[PDB]
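Next comes just one chain, in structure tokens: the form deposited in one PDB entry.
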């Protein structure tokens, strides 16, 4: 087992990782910005290093500073969390180059999946169903581009290969807009990722966002841990996630999960990973792969019993997966509500000092947050300050537990989305289940 690790992150995920370390007897090094001295996990860590001032470029994205902290503390490994440098292949390469373990896949694997064109070709080759598309980069030849669009069928979508999070992608519904759409997406891709490579996909009008959790170790073991529905979103920001996905039969779960695990074996994947799919008309279509642990990982943990962060640390230490596939069983239902320090009318971050705090409790209630009474939410980072996860023996009990828990949650002094989450829980269509990726924006529009 790993002696000591640096937690190269902040807020809730850093505390999540810290708890996992402590359970395993792993010494913790909290690296933090000058704005993050009073973070709960920093306060609980065995060692702390201030790695720079508030802005992330000089703290949590500061590669030399994070590596130096691992060096000076005698840490053997670095957990990147999610966000920041977790999908940075150059960072992971530098970590291993410097002699430390990067808690994730190989840098080659990160780089493969961070290139959307190459990642798709690898999945399609491995037997994972993908969106009908160009199966290759789009050139500058617009006669070819119109032919590819005719072949696929309008509507189509133009996407940056080096991009993510819906940044720079446009729907095209006819030839007349195609040239201009390609050109703009390409220009925005060059400006944002220094990679002007773009591709084309059939545009799916009303899909659900359903993703498969995987774990792969260094002994050839690769398993799937069911799915998450993350369709309840706004402007490419998830709001509610749940596991398993409503409507998904064990037969579908088996079908797509086995194909994801098979893909892991083919690519020599290691650690925790997520295969993202658009799900429409009973069909799965691969869009992209995340090589990190994700925000919404706790709902998967509730329904399988598997502690995914502890699995990450074991894999990195050279231990095999602590469970086998036939030992993985979907039990019950879990719902996650993201808690954001945000303005209700603008949806912009709403930082400030929390004056009164109370966390909910009870059976099946899980609160994932660093916040406390007296804590100041800094303006420099993401608005998400906490995660409320509620489990029940079925979906309805999970929703009922969520409502009660949201009504016990007190966070005064700052603006939050607790009232919105309450609205979503009481939403008749959510309560029915199976609402598509566009539902929340349509509901908010009304």
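Residue numbers count along the first chain shown, from 1.
We do not show the form deposited in another entry, though everything after this point is about it.
For the rigid-body turn between the shown form and the other one, the listed residue at the hinge is 205, chosen from 423, 205, 68, 233. Between residue 144 and residue 114, the Cα spacing is larger in the other entry than in the shown form, differing by no less than 3 Å. If you compare C-alpha positions, residue 151 and residue 128 are 3 angstroms or more closer together in the other entry than in the form on display.
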